[PDB]
Amino acid sequence: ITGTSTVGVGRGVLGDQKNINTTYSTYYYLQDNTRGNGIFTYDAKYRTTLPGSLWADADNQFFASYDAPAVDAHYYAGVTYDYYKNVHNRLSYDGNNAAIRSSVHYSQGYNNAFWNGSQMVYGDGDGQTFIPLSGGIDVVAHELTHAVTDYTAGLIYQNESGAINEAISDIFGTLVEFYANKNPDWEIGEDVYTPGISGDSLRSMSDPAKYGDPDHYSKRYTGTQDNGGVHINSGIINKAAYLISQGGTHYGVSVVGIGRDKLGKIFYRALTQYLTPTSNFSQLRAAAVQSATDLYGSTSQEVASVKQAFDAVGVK
Ligand SMILES: CC(C)C[C@H](NP(=O)(O)CNC(=O)OCc1ccccc1)C(=O)NCN
Ligand SMILES: [Ca+2]
Ligand SMILES: [Ca+2]
Ligand SMILES: [Ca+2]
Ligand SMILES: [Ca+2]
Ligand SMILES: [Zn+2]
């Protein structure tokens, strides 16, 4: 909408207060004009029609319980935009400052979030498996990263290319969580998953097997559920990424960690310069090796550590 840029205040899903960028034109809208061609947050009103209504508020204060998922979807989309711009010199998901749109209050009891090809969508959860999913900064960044992948490598959402697609979203979701620096970890979704159980998460990158996911190519899932295991076999790549950054000895193979920033540079370059829609795990290894070579040199520790990490997870 046309209006003037304003700053509202509200509370997110976890009860924390934050300022948000809004737009005033009769109402205050969840429309942040400070980033690209805007960040826009919509109310899906418990239905499945998308996007729903651009979020309108009478007083620019967002402290109602119903407001909380919108506050966080809007704010964390801004953090994710800032990460891509400031760290990777990427302007929104398309590289051209495309408007970023999210809908909250999608459906009833909906234990998931997704990118639908055009926008982000967040359920409220059923209150037992999830609380509203935009409360997780890693979740929000996972979703926006699907848009980045779709505009760049274009990894098809099936089998190994789809597991790479998933891992890219977990990797950058985690790197955004570290960028914001509030309780960062190598776990996925912990802030919104299972409110009645402390210390768990949907997936672990540091130890995927904690939640049943493979941590070695020999343990990969080969069936048809979950689009050929895209959220399962992502553990193999998540583990490799974790090892590149943090190091470790895994199935007897030692990896010297090179840190999160270099992990992010290597994988961002692989995603945007070398991967293709049908890349498999072996092709990802080659893309990561080439990316590290471009950035750090063929004889660098960074290249050596990429090779060790893929060796450790059984990907040649
Ligand atoms: C981080 C988690 C809390 C949420 C995450 N959800 P996701 O992996 O973005 C689902 N996307 C999808 O199916 O895209 C496929 C698709 C394509 C077009 C239209 C609709 C759907 C997940 O791990 N969900 C499984 N628990
Ligand atoms: Ca209000
Ligand atoms: Ca965390
Ligand atoms: Ca996390
Ligand atoms: Ca929990
Ligand atoms: Zn995903």
Side-chain angles (χ1 to χ4, degrees), residues 83 87-88 136-139 141-142 145 149 155 160 162-181 183-191 193 199-209 211-221 229-271 275 281-282 284-289 291-292 295-296 300-315:
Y83 170 83
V87 178
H88 301 296
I137 190 176
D138 53 2
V139 176
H142 177 112
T145 297
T149 293
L155 290 157
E160 288 188 20
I164 300 167
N165 182 317
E166 269 304 305
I168 290 290
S169 278
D170 285 345
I171 292 164
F172 290 105
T174 289
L175 295 175
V176 172
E177 184 173 309
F178 273 96
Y179 177 77
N181 202 22
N183 302 309
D185 52 55
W186 292 89
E187 308 285 288
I188 305 299
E190 69 285 343
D191 288 337
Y193 187 65
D200 67 343
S201 64
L202 184 63
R203 288 179 288 276
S204 172
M205 303 180 67
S206 60
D207 181 18
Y211 304 113
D213 295 324
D215 60 359
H216 194 275
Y217 194 67
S218 71
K219 298 193 183 190
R220 72 194 178 276
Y221 177 73
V230 302
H231 297 94
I232 298 171
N233 292 329
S234 58
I236 294 156
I237 304 310
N238 283 346
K239 183 75 195 195
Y242 172 82
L243 288 168
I244 290 167
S245 182
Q246 303 303 111
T249 299
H250 183 59
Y251 296 100
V253 177
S254 295
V255 185
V256 178
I258 66 177
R260 286 179 313 266
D261 293 351
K262 292 177 181 178
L263 172 70
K265 293 297 277 193
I266 291 165
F267 273 69
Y268 182 81
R269 183 167 189 84
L271 182 67
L275 295 177
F281 285 7
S282 181
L284 172 64
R285 175 187 172 127
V289 167
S291 292
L295 291 160
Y296 307 114
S300 64
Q301 179 66 64
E302 291 87 347
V303 169
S305 290
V306 170
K307 295 173 179 168
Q308 280 299 93
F310 282 94
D311 279 356
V313 302
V315 172

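FYI, the numbering just counts along the sequence from 1.
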(message) On a heavy-atom basis, which atom in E187 and which in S206 lie closest, and how many Å separate them?
(response) OE2-OG, 3.6 Å
(message) Using modelled atom types and a 3.5 Å cut-off, is there a donor and acceptor pairing between side-chain atoms of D138 and backbone atoms of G189?
(response) yes
(message) With side-chain contact (heavy atoms from CB on, under 4.5 Å) as the criterion, how do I258 and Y296 come out once you've worked through the C-alpha distance, each side chain's angles and the decisive distance to 0.1 Å?
(response) CA-CA 11 Å; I258 66 177; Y296 307 114; 5.5 Å; no
(message) Between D215 and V313, is there a side-chain heavy-atom distance shorter than 4.5 Å?
(response) no
(message) For the CZ atom of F267 and the CD1 atom of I237, what is their distance to the nearest 0.5 Å?
(response) 7.0 Å
(request) Can you measure from OG (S291) to NZ (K262) and round to the nearest 0.5 angstrom? (result) 15.0 Å
(message) In terms of relative ring orientation, are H216 and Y251 parallel, tilted or perpendicular, with 30° and 60° separating the classes?
(response) perpendicular
(request) Answer whether the closest heavy-atom distance between the side chains of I168 and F172 falls below 4.5 Å. (result) yes
(message) Between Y211 (side chain only) and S201 (backbone N and O only), is there a donor and an acceptor less than 3.5 Å apart?
(response) yes
(message) For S234 and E166, which I'm curious about, is there any donor-acceptor pair between the side chains at under 3.5 Å?
(response) no
(message) How close do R285 and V315 get, counting heavy atoms only, and between which atoms?
(response) NH1-O, 2.8 Å
(message) So does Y221 get a backbone contact from the side chain of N233, meaning a donor-acceptor N/O pair under 3.5 Å?
(response) yes
(message) side-chain contact (heavy atoms from CB on, under 4.5 Å) for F310 and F281? Distances and angles first, verdict last.
(response) CA-CA 9 Å; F310 282 94; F281 285 7; over 6 Å; no
(message) Once rounded to the nearest 0.5 Å, what's the spacing between atom CG of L175 and atom NZ of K265?
(response) 12.0 Å
(message) Which heavy atom of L263 sits nearest to which heavy atom of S245, and what is that distance?
(response) CD2-CB, 4.0 Å
(message) Quick check against the 3.5 Å criterion: does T174 have a side-chain atom that pairs as donor or acceptor with the backbone of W186?
(response) no
(request) Give a yes or no answer on whether the side chain of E177 reaches the backbone of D185 with a donor-acceptor pair at less than 3.5 Å. (result) yes
(request) Heavy atoms only: give me the nearest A312-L243 pair and the separation to one decimal. (result) CB-CD1, 3.9 Å
(request) Determine the interplanar angle of the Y83 and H88 rings, folded into 0 to 90°, and report it as parallel if under 30°, tilted if 30 to 60°, perpendicular if over 60°. (result) perpendicular
(message) Quick check: closest heavy atoms across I164 and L284, and the distance to 0.1 Å?
(response) CD1-CB, 3.9 Å
(message) Between the side chains of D213 and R203, is the shortest nitrogen-to-carboxylate-oxygen separation below 4.0 Å, so that they form an ion pair?
(response) no
(request) Give a yes or no answer on whether the side chain of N165 reaches the backbone of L155 with a donor-acceptor pair at less than 3.5 Å. (result) yes
(request) Determine whether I236 and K219 make a side-chain contact, defined as any pair of heavy atoms from C-beta on separated by less than 4.5 Å. (result) no
(request) List the atom of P208, the atom of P214, and the distance in Å for their closest heavy-atom pair. (result) CB-O, 3.7 Å
(request) Inspect the surroundings of CG in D200 and state if more than 12 heavy atoms from other residues, nucleotides or ligands are less than 6.0 Å away. (result) yes
(message) Treating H142 as the side-chain partner and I188 as the backbone partner, does any N or O pair qualify as donor plus acceptor under 3.5 Å?
(response) no
(message) Rounded at 0.5 Å granularity, tell me how far CD1 in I266 sits from CG in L271.
(response) 13.5 Å
